[PDB]
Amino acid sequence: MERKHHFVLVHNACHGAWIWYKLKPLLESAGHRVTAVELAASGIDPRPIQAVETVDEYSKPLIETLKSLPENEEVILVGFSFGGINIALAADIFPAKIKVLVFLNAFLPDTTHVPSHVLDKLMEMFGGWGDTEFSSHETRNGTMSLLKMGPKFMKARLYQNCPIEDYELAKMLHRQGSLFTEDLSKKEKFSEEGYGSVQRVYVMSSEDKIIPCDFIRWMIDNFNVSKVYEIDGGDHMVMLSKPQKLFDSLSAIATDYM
């Protein structure tokens, strides 16, 4: 009996813990423990995104999850898409609780530029927003940029390799959210002693039509990882299009940090 791990899963913006519904039982059937976090104003969280003005407030459920682990427990901390920013923020707080960070089709921030850097780059490059709806909301500390995916955009750019039932599920659960670009432009840089110090790996899907493979090299060039894993045939929503293969990669990761 090889030693099992505690995986903490962190969803993407505009989604919630539900995205993990296929992966969670897989990992649990192998003996691992799983905590799928629901971030603020996400999923069935009762707050609107407008009430959650900062990335720290957005991430607080994940900080609380880690704070509540018993003394000396460490987890494998998986961040998906914007979830990469969330787990970098957590790692800067609780580095000794994290065995390894798994950046899954994720923004991988560095300790040199402002925290928004990798998001601002993608936003300059990306062309295919489609029917996504962009809006603002003024807060007492400045404009907060909001977004709500449109269904055609979802289909073409996030869910194109998923079963149709998954796409219908997503249409009934996705919500307006934010990438907190303003807030993250004003935040202190991520630290070397906290986030920098934690082991990290990247897991990319070969057919991610939102986080392209050149943009990943660019992020990794800019901030190195231990190892890159590739999921052959995954769309951006890889826990839905290729859950078994994702399990396989996570299981490999767990073996390299036994």
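Quick note: we count residues from 1 along the sequence shown, nothing fancier.
Greater mean Cα temperature factor according to the PDB record, 38-46 or 187-195 = For C-alpha atoms only, the mean B-factor is higher in 187-195.
Taking the recorded C-alpha temperature factors, which stretch has the higher mean, 242-250 or 5-13?
-> Taking the mean B-factor of the alpha carbons in each, 242-250 is higher.
C-alpha B-factor winner, where the candidates are 158, 106, 114, 179 | Reading the PDB entry, the winner on C-alpha B-factor is 114.
Within-chain third of residue 65 by Cα B-factor, per the entry = Middle third by C-alpha B-factor.
For residue 59, return the chain-relative third of its C-alpha B-factor as stated in the PDB record: lowest, middle or highest.
-> Lowest third, going by the recorded CA B-factors of the chain.
What third of the chain, by the recorded C-alpha B-factor, contains residue 162?
-> Ranked within chain, residue 162 CA B lands in the lowest tercile.
Can you tell me which third, lowest, middle or highest, the CA B-factor of residue 110 falls into for its chain?
-> For residue 110, whose C-alpha B-factor we compare with every modelled residue in the chain, the answer is the highest third.
Would you please rank residue 94 by its C-alpha temperature factor against the other modelled residues of its chain and give the third it falls in: lowest, middle or highest?
-> It belongs to the middle third of the chain when residues are ordered by C-alpha B-factor.
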